[PDB]
file input-v8.pdb (PDB, C-alpha atoms and all ligand atoms)
ATOM      1  CA  UNK A   1      25.770  15.816  15.406  1.00  0.00           C
ATOM      2  CA  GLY A   2      25.476  15.553  11.678  1.00  0.00           C
ATOM      3  CA  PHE A   3      26.157  13.458   8.575  1.00  0.00           C
ATOM      4  CA  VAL A   4      29.970  14.086   8.528  1.00  0.00           C
ATOM      5  CA  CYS A   5      30.381  11.418  11.280  1.00  0.00           C
ATOM      6  CA  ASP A   6      26.750  10.155  10.955  1.00  0.00           C
ATOM      7  CA  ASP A   7      26.376  11.001  14.687  1.00  0.00           C
ATOM      8  CA  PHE A   8      22.884  12.409  15.446  1.00  0.00           C
ATOM      9  CA  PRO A   9      21.429   9.261  17.200  1.00  0.00           C
ATOM     10  CA  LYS A  10      19.262  11.270  19.672  1.00  0.00           C
ATOM     11  CA  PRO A  11      15.894  12.069  18.009  1.00  0.00           C
ATOM     12  CA  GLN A  12      15.932  15.497  16.312  1.00  0.00           C
ATOM     13  CA  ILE A  13      12.407  17.016  16.210  1.00  0.00           C
ATOM     14  CA  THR A  14      11.753  18.241  12.607  1.00  0.00           C
ATOM     15  CA  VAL A  15       7.995  18.957  12.820  1.00  0.00           C
ATOM     16  CA  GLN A  16       6.457  20.520  15.935  1.00  0.00           C
ATOM     17  CA  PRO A  17       2.867  19.919  17.108  1.00  0.00           C
ATOM     18  CA  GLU A  18       0.747  22.970  16.496  1.00  0.00           C
ATOM     19  CA  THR A  19      -1.571  24.911  18.823  1.00  0.00           C
ATOM     20  CA  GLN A  20      -5.164  24.228  17.732  1.00  0.00           C
ATOM     21  CA  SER A  21      -8.814  24.924  18.437  1.00  0.00           C
ATOM     22  CA  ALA A  22     -11.568  22.291  18.093  1.00  0.00           C
ATOM     23  CA  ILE A  23     -15.340  21.956  18.729  1.00  0.00           C
ATOM     24  CA  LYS A  24     -16.644  19.559  21.425  1.00  0.00           C
ATOM     25  CA  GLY A  25     -17.320  16.087  19.973  1.00  0.00           C
ATOM     26  CA  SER A  26     -14.922  16.495  17.017  1.00  0.00           C
ATOM     27  CA  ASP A  27     -11.721  14.510  16.330  1.00  0.00           C
ATOM     28  CA  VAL A  28      -8.303  16.144  16.945  1.00  0.00           C
ATOM     29  CA  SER A  29      -4.839  15.036  15.861  1.00  0.00           C
ATOM     30  CA  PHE A  30      -1.379  16.313  16.884  1.00  0.00           C
ATOM     31  CA  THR A  31       1.659  15.388  14.797  1.00  0.00           C
ATOM     32  CA  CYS A  32       5.325  15.430  15.643  1.00  0.00           C
ATOM     33  CA  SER A  33       8.207  14.280  13.429  1.00  0.00           C
ATOM     34  CA  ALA A  34      11.853  13.543  14.170  1.00  0.00           C
ATOM     35  CA  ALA A  35      15.038  12.268  12.498  1.00  0.00           C
ATOM     36  CA  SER A  36      17.952  10.176  13.676  1.00  0.00           C
ATOM     37  CA  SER A  37      21.117   8.557  12.354  1.00  0.00           C
ATOM     38  CA  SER A  38      20.466   5.523  14.634  1.00  0.00           C
ATOM     39  CA  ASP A  39      18.216   2.580  14.042  1.00  0.00           C
ATOM     40  CA  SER A  40      17.409   1.931  17.744  1.00  0.00           C
ATOM     41  CA  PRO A  41      14.084   1.043  19.468  1.00  0.00           C
ATOM     42  CA  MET A  42      12.066   4.228  19.523  1.00  0.00           C
ATOM     43  CA  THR A  43       9.449   5.319  22.000  1.00  0.00           C
ATOM     44  CA  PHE A  44       6.683   7.833  21.244  1.00  0.00           C
ATOM     45  CA  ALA A  45       4.808   9.392  24.114  1.00  0.00           C
ATOM     46  CA  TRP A  46       2.266  12.171  24.455  1.00  0.00           C
ATOM     47  CA  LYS A  47       1.467  14.211  27.571  1.00  0.00           C
ATOM     48  CA  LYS A  48      -1.303  16.650  28.442  1.00  0.00           C
ATOM     49  CA  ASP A  49      -0.520  19.329  31.091  1.00  0.00           C
ATOM     50  CA  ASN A  50       2.830  17.723  32.168  1.00  0.00           C
ATOM     51  CA  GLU A  51       1.041  14.269  32.653  1.00  0.00           C
ATOM     52  CA  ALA A  52       1.510  11.077  30.521  1.00  0.00           C
ATOM     53  CA  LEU A  53      -1.401   9.904  28.286  1.00  0.00           C
ATOM     54  CA  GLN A  54      -1.100   6.192  29.152  1.00  0.00           C
ATOM     55  CA  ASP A  55      -3.826   4.827  26.818  1.00  0.00           C
ATOM     56  CA  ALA A  56      -3.280   7.315  23.997  1.00  0.00           C
ATOM     57  CA  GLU A  57      -4.278   6.251  20.485  1.00  0.00           C
ATOM     58  CA  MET A  58      -1.196   6.765  18.288  1.00  0.00           C
ATOM     59  CA  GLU A  59      -0.146   6.303  14.671  1.00  0.00           C
ATOM     60  CA  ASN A  60       3.642   5.901  14.703  1.00  0.00           C
ATOM     61  CA  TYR A  61       5.800   5.743  11.604  1.00  0.00           C
ATOM     62  CA  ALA A  62       9.416   4.819  11.096  1.00  0.00           C
ATOM     63  CA  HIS A  63      11.188   5.171   7.718  1.00  0.00           C
ATOM     64  CA  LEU A  64      14.463   3.388   8.316  1.00  0.00           C
ATOM     65  CA  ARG A  65      17.418   4.049   5.935  1.00  0.00           C
ATOM     66  CA  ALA A  66      15.232   6.304   3.702  1.00  0.00           C
ATOM     67  CA  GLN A  67      16.165   6.002  -0.046  1.00  0.00           C
ATOM     68  CA  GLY A  68      18.947   3.551   0.992  1.00  0.00           C
ATOM     69  CA  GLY A  69      20.718   6.286   2.973  1.00  0.00           C
ATOM     70  CA  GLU A  70      21.788   6.666   6.603  1.00  0.00           C
ATOM     71  CA  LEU A  71      18.782   8.720   7.762  1.00  0.00           C
ATOM     72  CA  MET A  72      15.837   7.505   9.956  1.00  0.00           C
ATOM     73  CA  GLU A  73      12.580   9.471   9.751  1.00  0.00           C
ATOM     74  CA  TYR A  74       9.778   9.248  12.292  1.00  0.00           C
ATOM     75  CA  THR A  75       6.292  10.626  12.720  1.00  0.00           C
ATOM     76  CA  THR A  76       3.946  10.150  15.672  1.00  0.00           C
ATOM     77  CA  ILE A  77       0.296  11.162  15.353  1.00  0.00           C
ATOM     78  CA  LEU A  78      -1.722  11.529  18.578  1.00  0.00           C
ATOM     79  CA  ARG A  79      -5.379  10.663  17.877  1.00  0.00           C
ATOM     80  CA  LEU A  80      -8.061  12.318  20.048  1.00  0.00           C
ATOM     81  CA  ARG A  81     -11.626  11.279  19.317  1.00  0.00           C
ATOM     82  CA  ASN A  82     -14.944  12.876  20.413  1.00  0.00           C
ATOM     83  CA  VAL A  83     -12.985  15.654  22.339  1.00  0.00           C
ATOM     84  CA  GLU A  84     -14.588  16.906  25.634  1.00  0.00           C
ATOM     85  CA  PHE A  85     -14.025  20.243  27.470  1.00  0.00           C
ATOM     86  CA  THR A  86     -11.656  18.162  29.725  1.00  0.00           C
ATOM     87  CA  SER A  87      -9.513  17.508  26.526  1.00  0.00           C
ATOM     88  CA  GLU A  88      -8.368  21.201  26.709  1.00  0.00           C
ATOM     89  CA  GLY A  89      -4.736  21.685  27.775  1.00  0.00           C
ATOM     90  CA  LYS A  90      -1.119  21.841  26.637  1.00  0.00           C
ATOM     91  CA  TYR A  91      -0.082  18.728  24.650  1.00  0.00           C
ATOM     92  CA  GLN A  92       3.524  17.649  24.343  1.00  0.00           C
ATOM     93  CA  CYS A  93       5.325  14.913  22.472  1.00  0.00           C
ATOM     94  CA  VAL A  94       8.295  13.050  23.898  1.00  0.00           C
ATOM     95  CA  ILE A  95      10.317  11.020  21.364  1.00  0.00           C
ATOM     96  CA  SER A  96      13.100   8.880  22.729  1.00  0.00           C
ATOM     97  CA  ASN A  97      15.561   6.032  22.240  1.00  0.00           C
ATOM     98  CA  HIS A  98      18.430   4.909  24.542  1.00  0.00           C
ATOM     99  CA  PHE A  99      20.611   7.881  23.381  1.00  0.00           C
ATOM    100  CA  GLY A 100      18.110  10.489  24.688  1.00  0.00           C
ATOM    101  CA  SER A 101      14.624  12.068  24.879  1.00  0.00           C
ATOM    102  CA  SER A 102      13.464  15.011  22.802  1.00  0.00           C
ATOM    103  CA  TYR A 103      10.593  17.166  24.031  1.00  0.00           C
ATOM    104  CA  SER A 104       8.379  19.006  21.552  1.00  0.00           C
ATOM    105  CA  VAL A 105       6.970  22.514  22.069  1.00  0.00           C
ATOM    106  CA  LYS A 106       3.784  22.551  24.147  1.00  0.00           C
ATOM    107  CA  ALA A 107       0.843  22.790  21.744  1.00  0.00           C
ATOM    108  CA  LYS A 108      -2.268  24.207  23.318  1.00  0.00           C
ATOM    109  CA  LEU A 109      -5.658  22.664  22.543  1.00  0.00           C
ATOM    110  CA  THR A 110      -8.702  24.915  23.010  1.00  0.00           C
ATOM    111  CA  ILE A 111     -12.157  23.202  23.182  1.00  0.00           C
ATOM    112  CA  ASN A 112     -15.279  25.267  22.379  1.00  0.00           C
TER     113      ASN A 112
ATOM    114  CA  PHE B   1      11.891  15.045  -1.907  1.00  0.00           C
ATOM    115  CA  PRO B   2      14.144  17.324  -4.103  1.00  0.00           C
ATOM    116  CA  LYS B   3      13.893  20.369  -1.761  1.00  0.00           C
ATOM    117  CA  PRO B   4      16.354  20.030   1.183  1.00  0.00           C
ATOM    118  CA  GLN B   5      14.855  18.476   4.355  1.00  0.00           C
ATOM    119  CA  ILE B   6      16.544  19.731   7.569  1.00  0.00           C
ATOM    120  CA  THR B   7      17.501  16.711   9.777  1.00  0.00           C
ATOM    121  CA  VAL B   8      19.650  18.526  12.424  1.00  0.00           C
ATOM    122  CA  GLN B   9      18.820  22.010  13.758  1.00  0.00           C
ATOM    123  CA  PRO B  10      21.477  24.564  15.056  1.00  0.00           C
ATOM    124  CA  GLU B  11      21.342  24.798  18.865  1.00  0.00           C
ATOM    125  CA  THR B  12      21.089  27.865  21.151  1.00  0.00           C
ATOM    126  CA  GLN B  13      24.458  28.376  22.884  1.00  0.00           C
ATOM    127  CA  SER B  14      26.456  30.522  25.276  1.00  0.00           C
ATOM    128  CA  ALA B  15      30.170  31.392  24.848  1.00  0.00           C
ATOM    129  CA  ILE B  16      32.853  33.566  26.504  1.00  0.00           C
ATOM    130  CA  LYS B  17      34.382  36.584  24.667  1.00  0.00           C
ATOM    131  CA  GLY B  18      37.452  35.537  22.630  1.00  0.00           C
ATOM    132  CA  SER B  19      36.445  31.847  22.384  1.00  0.00           C
ATOM    133  CA  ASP B  20      35.531  29.916  19.198  1.00  0.00           C
ATOM    134  CA  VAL B  21      31.893  28.951  18.421  1.00  0.00           C
ATOM    135  CA  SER B  22      30.369  26.568  15.850  1.00  0.00           C
ATOM    136  CA  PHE B  23      26.748  26.067  14.650  1.00  0.00           C
ATOM    137  CA  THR B  24      25.763  22.992  12.671  1.00  0.00           C
ATOM    138  CA  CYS B  25      22.824  22.197  10.424  1.00  0.00           C
ATOM    139  CA  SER B  26      22.154  19.017   8.416  1.00  0.00           C
ATOM    140  CA  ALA B  27      19.747  18.228   5.577  1.00  0.00           C
ATOM    141  CA  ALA B  28      18.859  15.479   3.106  1.00  0.00           C
ATOM    142  CA  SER B  29      17.611  15.419  -0.476  1.00  0.00           C
ATOM    143  CA  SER B  30      16.525  12.752  -2.919  1.00  0.00           C
ATOM    144  CA  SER B  31      18.097  15.050  -5.582  1.00  0.00           C
ATOM    145  CA  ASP B  32      21.823  15.354  -6.457  1.00  0.00           C
ATOM    146  CA  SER B  33      21.409  19.052  -7.477  1.00  0.00           C
ATOM    147  CA  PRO B  34      23.823  22.009  -6.754  1.00  0.00           C
ATOM    148  CA  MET B  35      23.555  22.885  -3.099  1.00  0.00           C
ATOM    149  CA  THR B  36      23.848  26.359  -1.438  1.00  0.00           C
ATOM    150  CA  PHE B  37      24.581  26.823   2.315  1.00  0.00           C
ATOM    151  CA  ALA B  38      24.050  30.193   3.906  1.00  0.00           C
ATOM    152  CA  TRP B  39      24.139  31.515   7.458  1.00  0.00           C
ATOM    153  CA  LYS B  40      22.468  34.679   8.789  1.00  0.00           C
ATOM    154  CA  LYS B  41      22.708  36.561  12.089  1.00  0.00           C
ATOM    155  CA  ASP B  42      19.588  38.574  13.111  1.00  0.00           C
ATOM    156  CA  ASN B  43      17.996  38.034   9.561  1.00  0.00           C
ATOM    157  CA  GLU B  44      21.184  39.532   7.944  1.00  0.00           C
ATOM    158  CA  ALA B  45      23.343  37.436   5.582  1.00  0.00           C
ATOM    159  CA  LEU B  46      26.868  36.442   6.692  1.00  0.00           C
ATOM    160  CA  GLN B  47      28.547  37.039   3.345  1.00  0.00           C
ATOM    161  CA  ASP B  48      32.125  36.233   4.513  1.00  0.00           C
ATOM    162  CA  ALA B  49      31.186  33.436   6.901  1.00  0.00           C
ATOM    163  CA  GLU B  50      33.746  30.685   7.491  1.00  0.00           C
ATOM    164  CA  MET B  51      31.918  27.417   6.643  1.00  0.00           C
ATOM    165  CA  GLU B  52      32.678  23.693   6.539  1.00  0.00           C
ATOM    166  CA  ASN B  53      30.161  22.179   4.096  1.00  0.00           C
ATOM    167  CA  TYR B  54      29.802  18.458   3.572  1.00  0.00           C
ATOM    168  CA  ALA B  55      27.971  16.451   0.940  1.00  0.00           C
ATOM    169  CA  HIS B  56      27.674  12.656   1.156  1.00  0.00           C
ATOM    170  CA  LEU B  57      26.254  11.797  -2.245  1.00  0.00           C
ATOM    171  CA  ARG B  58      24.504   8.400  -2.747  1.00  0.00           C
ATOM    172  CA  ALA B  59      25.422   7.378   0.860  1.00  0.00           C
ATOM    173  CA  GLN B  60      25.976   3.593   1.262  1.00  0.00           C
ATOM    174  CA  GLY B  61      25.197   3.223  -2.481  1.00  0.00           C
ATOM    175  CA  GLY B  62      21.620   4.470  -1.911  1.00  0.00           C
ATOM    176  CA  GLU B  63      19.659   7.289  -3.565  1.00  0.00           C
ATOM    177  CA  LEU B  64      19.888   9.697  -0.638  1.00  0.00           C
ATOM    178  CA  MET B  65      22.067  12.874  -0.613  1.00  0.00           C
ATOM    179  CA  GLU B  66      23.160  13.938   2.920  1.00  0.00           C
ATOM    180  CA  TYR B  67      24.508  17.384   3.829  1.00  0.00           C
ATOM    181  CA  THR B  68      26.018  19.164   6.795  1.00  0.00           C
ATOM    182  CA  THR B  69      27.043  22.833   7.047  1.00  0.00           C
ATOM    183  CA  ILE B  70      29.172  24.055   9.963  1.00  0.00           C
ATOM    184  CA  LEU B  71      29.341  27.813  10.640  1.00  0.00           C
ATOM    185  CA  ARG B  72      32.735  28.686  12.218  1.00  0.00           C
ATOM    186  CA  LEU B  73      33.001  31.734  14.490  1.00  0.00           C
ATOM    187  CA  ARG B  74      36.451  32.582  15.840  1.00  0.00           C
ATOM    188  CA  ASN B  75      37.554  34.952  18.655  1.00  0.00           C
ATOM    189  CA  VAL B  76      33.874  35.918  19.340  1.00  0.00           C
ATOM    190  CA  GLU B  77      33.091  39.523  20.313  1.00  0.00           C
ATOM    191  CA  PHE B  78      30.035  40.917  22.170  1.00  0.00           C
ATOM    192  CA  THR B  79      28.839  41.971  18.642  1.00  0.00           C
ATOM    193  CA  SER B  80      28.776  38.172  17.757  1.00  0.00           C
ATOM    194  CA  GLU B  81      25.638  37.857  20.010  1.00  0.00           C
ATOM    195  CA  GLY B  82      22.363  37.324  18.126  1.00  0.00           C
ATOM    196  CA  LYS B  83      20.035  34.789  16.520  1.00  0.00           C
ATOM    197  CA  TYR B  84      21.823  32.583  13.945  1.00  0.00           C
ATOM    198  CA  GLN B  85      19.967  30.845  11.133  1.00  0.00           C
ATOM    199  CA  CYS B  86      20.912  28.416   8.391  1.00  0.00           C
ATOM    200  CA  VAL B  87      19.398  28.481   4.909  1.00  0.00           C
ATOM    201  CA  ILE B  88      19.996  25.345   2.795  1.00  0.00           C
ATOM    202  CA  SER B  89      18.820  25.482  -0.784  1.00  0.00           C
ATOM    203  CA  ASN B  90      18.860  24.032  -4.266  1.00  0.00           C
ATOM    204  CA  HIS B  91      16.953  25.388  -7.310  1.00  0.00           C
ATOM    205  CA  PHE B  92      13.789  23.504  -6.040  1.00  0.00           C
ATOM    206  CA  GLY B  93      13.615  25.503  -2.852  1.00  0.00           C
ATOM    207  CA  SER B  94      15.098  26.810   0.384  1.00  0.00           C
ATOM    208  CA  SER B  95      14.831  25.330   3.851  1.00  0.00           C
ATOM    209  CA  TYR B  96      15.198  27.662   6.841  1.00  0.00           C
ATOM    210  CA  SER B  97      16.507  26.306  10.142  1.00  0.00           C
ATOM    211  CA  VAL B  98      15.242  27.360  13.593  1.00  0.00           C
ATOM    212  CA  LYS B  99      16.874  30.529  14.931  1.00  0.00           C
ATOM    213  CA  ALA B 100      19.630  29.536  17.384  1.00  0.00           C
ATOM    214  CA  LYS B 101      20.519  32.239  19.867  1.00  0.00           C
ATOM    215  CA  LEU B 102      24.172  32.950  20.710  1.00  0.00           C
ATOM    216  CA  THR B 103      24.864  34.633  24.078  1.00  0.00           C
ATOM    217  CA  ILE B 104      28.336  36.243  24.587  1.00  0.00           C
ATOM    218  CA  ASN B 105      29.576  36.831  28.171  1.00  0.00           C
TER     219      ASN B 105
HETATM  220 CL    CL A 201      -0.350  19.282  14.923  1.00  0.00          CL
HETATM  221 CL    CL A 202      24.689  23.881  16.665  1.00  0.00          CL
HETATM  222 CL    CL A 203      16.604  37.499  14.268  1.00  0.00          CL
HETATM  223 CL    CL A 204       7.658  26.901  -3.326  1.00  0.00          CL
END
call {"tool": "encode", "arguments": {"input": "input-v8.pdb", "output": "structure tokens", "more": "lines below"}}
Ligand SMILES: [Cl-]
Ligand SMILES: [Cl-]
Ligand SMILES: [Cl-]
Ligand SMILES: [Cl-]
result
Amino acid sequence: XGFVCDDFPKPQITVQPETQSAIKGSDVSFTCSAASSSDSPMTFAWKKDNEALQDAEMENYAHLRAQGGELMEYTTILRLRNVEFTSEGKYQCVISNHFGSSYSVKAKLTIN
Amino acid sequence: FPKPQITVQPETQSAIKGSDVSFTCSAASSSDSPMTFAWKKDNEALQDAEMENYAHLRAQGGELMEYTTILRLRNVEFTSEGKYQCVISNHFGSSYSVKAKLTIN
């Protein structure tokens, strides 16, 4: 889709999470942004090594009808605090609404 | 946000020889400034590319400019295979889409 028919309701990832390194005990954040032409309930999920992070601390943002236009902008920030060697793995963001789910690139986290 | 912000990325596709193929890319700007839409194949400019460019200025009476560029490829040849990229720009800056691969069978 696009703006011609204002038909991109599925989330469109615009910012990918990035592969990072962190020291044990530090705080780590992963960010993923998306856009949509639909104002529909959104769901933000994060996974580590193909498994859901059920009690993940998140900071989710929705800018609906930005500047009075027809665009929706979203950002989800995964917050990892006091990271352990067990925090190491491939992190992935899943952004979805009832039109579809969009899967981010897998961002590797290395813990030293 | 005067520089264009890509909202829809072109998608990797497969097509049969002799068919028609289209790539689409959308962007938004808070600035109603002259817009340029360009498409490249394997980092090389497509100077005579057939395009359908759309500008929805002050959409719904708001202050947002919305744009879509459609690259049109007709009667694709095996030479049409490669990584396609969209560059959307105004005098504030250029935004580069992801590279979308086209496979020709
Ligand atoms: Cl990140
Ligand atoms: Cl496309
Ligand atoms: Cl290339
Ligand atoms: Cl710059």
call {"tool": "residues_around", "arguments": {"input": "input-v8.pdb", "residues": "residue 80 in chain A", "least_positions_apart": "4", "cutoff": "8 Å", "atoms": "all atoms listed in the file", "output": "VMD selection string"}}
result
chain A and resid 27 to 29 56 to 57
call {"tool": "atom_distance", "arguments": {"input": "input-v8.pdb", "atom1": "CA of residue 72 in chain A", "atom2": "CA of residue 14 in chain A"}}
result
11.8 Å
call {"tool": "resolve_selection", "arguments": {"input": "input-v8.pdb", "expression": "the PyMOL selection byres (((chain B and resi 50-52) around 6) and not hetatm)", "output": "MDAnalysis selection string"}}
result
chainID B and resid 49 53 69:72
call {"tool": "write_last_selection", "arguments": {"input": "input-v8.pdb", "atoms": "C-alpha atoms", "output": "PDB file, keeping the file's coordinate frame"}}
result
ATOM      1  CA  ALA B  49      31.186  33.436   6.901  1.00  0.00           C
ATOM      2  CA  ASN B  53      30.161  22.179   4.096  1.00  0.00           C
ATOM      3  CA  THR B  69      27.043  22.833   7.047  1.00  0.00           C
ATOM      4  CA  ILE B  70      29.172  24.055   9.963  1.00  0.00           C
ATOM      5  CA  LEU B  71      29.341  27.813  10.640  1.00  0.00           C
ATOM      6  CA  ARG B  72      32.735  28.686  12.218  1.00  0.00           C
TER       7      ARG B  72
END
call {"tool": "closest_atom_pairs", "arguments": {"input": "input-v8.pdb", "of": "chain A", "to": "chain B", "cutoff": "9 Å", "atoms": "only C-alpha atoms", "output": "tab-separated table"}}
result
residue	atom	partner	partner_atom	distance
A:1	CA	B:8	CA	7.3
A:2	CA	B:26	CA	5.8
A:3	CA	B:68	CA	6.0
A:4	CA	B:54	CA	6.6
A:8	CA	B:8	CA	7.6
A:12	CA	B:8	CA	6.2
A:13	CA	B:7	CA	8.2
A:14	CA	B:7	CA	6.6
A:34	CA	B:7	CA	7.8
A:35	CA	B:7	CA	5.8
A:36	CA	B:7	CA	7.6
A:65	CA	B:62	CA	8.9
A:66	CA	B:64	CA	7.2
A:67	CA	B:63	CA	5.1
A:68	CA	B:62	CA	4.1
A:69	CA	B:64	CA	5.0
A:70	CA	B:59	CA	6.8
A:71	CA	B:28	CA	8.2
A:73	CA	B:7	CA	8.8
call {"tool": "atom_distance", "arguments": {"input": "input-v8.pdb", "atom1": "CA of residue 4 in chain B", "atom2": "CA of residue 93 in chain B"}}
result
7.3 Å
call {"tool": "resolve_selection", "arguments": {"input": "input-v8.pdb", "expression": "the PyMOL selection byres (((not hetatm)) within 10 of (chain A and resi 204))", "output": "PDB file with C-alpha atoms, in the coordinates of the input"}}
result
ATOM      1  CA  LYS B   3      13.893  20.369  -1.761  1.00  0.00           C
ATOM      2  CA  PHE B  92      13.789  23.504  -6.040  1.00  0.00           C
ATOM      3  CA  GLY B  93      13.615  25.503  -2.852  1.00  0.00           C
ATOM      4  CA  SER B  94      15.098  26.810   0.384  1.00  0.00           C
TER       5      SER B  94
END
call {"tool": "residues_near_ligand", "arguments": {"input": "input-v8.pdb", "ligand": "ligand CL 201 (chain A)", "cutoff": "9 Å", "atoms": "all atoms listed in the file", "output": "ChimeraX atom specification"}}
result
/A:15-20,28-32,77-78,107
